[PDB]
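As structure tokens, one chain now follows by itself in the form deposited in one PDB entry.
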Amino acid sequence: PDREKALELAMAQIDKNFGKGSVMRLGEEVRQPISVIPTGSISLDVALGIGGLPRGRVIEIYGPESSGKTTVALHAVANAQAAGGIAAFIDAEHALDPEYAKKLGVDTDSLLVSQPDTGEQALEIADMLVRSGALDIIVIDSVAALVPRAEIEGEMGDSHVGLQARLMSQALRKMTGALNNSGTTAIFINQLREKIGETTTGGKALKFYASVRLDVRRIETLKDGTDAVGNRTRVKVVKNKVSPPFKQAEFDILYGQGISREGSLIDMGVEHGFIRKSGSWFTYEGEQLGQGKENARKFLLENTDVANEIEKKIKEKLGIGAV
């Protein structure tokens, strides 16, 4: 017996029977193009292994409110649009701020929005839009807000049943195939609430249907020195059927703004040694970026020439023109 050979032969059958990515080595150096929608976060794109959210798949972005989920979802929509894509937003929360969305580059006018009467209706409308093949991306707001018609209308069986989960099951069971054929990426936003208790009724069916699952979370409030703007987010790719999972990314979303490009450039620039972080100060090839991630953030903002050559250097070192 020759283990490594016997193994590849197994993995081969494993994948052929259940799909590419059925099994893989955490340390894999992946080489499949696989059309993506840039998360709006460079770090998150790399963490995903394919440079963004896979197209034609079900994506779940779960986490506590205010952790950055909708922002990513919105940045994704903006990116799909820029590539001449058509986006749809199934809204069951009534929270979306189109203004903030425009700010993230979303063309709100061409954005389809639906505000369903019941959970059923909501997924059914999503399913219809999907199989028309016209959509590149479709975001469903709040997994939990997809409450069953029967619950919406007064219907007390004292204890009723576990219907909403089945609602998300049967719905994903028939949508996935269409998404695959259509190539539309379905992002489900899962707002986790209530202090204590990866799921929200349908998030249990979502757990198995998703090809990518993002654990978004707020880990820090950004500052100067008691000055704030917005917080830093940490995302954990807990499920990745297209690349080795369990990776992580971080980024800053300043208040009123989306993901800070410059921030990502400083972060990755340092960890990838392109920019030199000497204690309090930041430097890029002799040039002083300033003392304080913010000043450096600002510096990079003003000197667009730098940043771009830095972005270039980081981009090259990682994801370049493949195939």
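What we label the rigid core is the largest C-alpha set whose atoms superpose within 1.5 Å from one form to the other. Start at 1 with the first residue shown and count on from there.
Here the subject shifts to the form deposited in another entry, a form of this protein not shown in this document.
> After fitting the rigid core, tell me which of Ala82, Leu112, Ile219, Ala228 has its Cα displaced by at least 2 Å between the shown form and the other one.
Between the two forms, the residue that moves is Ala228.
> Do you see a C-alpha shift of 2 Å or more at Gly27 between the shown form and the other one, with the core held fixed?
No; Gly27 is a residue whose C-alpha shifts by less than 2 Å between the shown form and the other one when the cores are overlaid.
> Quick one: once the rigid core is lined up, does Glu155 have its C-alpha move by 2 Å or more between the shown form and the other one?
After core superposition, the displacement of the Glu155 C-alpha between the shown form and the other one reaches the 2 Å mark, so yes.
> With a threshold of 2 Å on the C-alpha, tell me if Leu301 counts as moved between the shown form and the other one once the core is superposed.
For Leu301, whose C-alpha is compared between the shown form and the other one after core superposition, the shift is 2 Å or more.
> How does the CA gap of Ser159 and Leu172 change in that other deposited form versus this form, closer or farther, if it moves 3 angstroms or more?
Residues converge in that other deposited form, at least 3 Å closer.
> Have a look at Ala150 and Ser159: in that other deposited form, are their Cα atoms closer together or farther apart than in this form, given the change is 3 Å or more?
It is closer: the C-alpha separation of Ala150 and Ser159 falls by at least 3 Å in that other deposited form.
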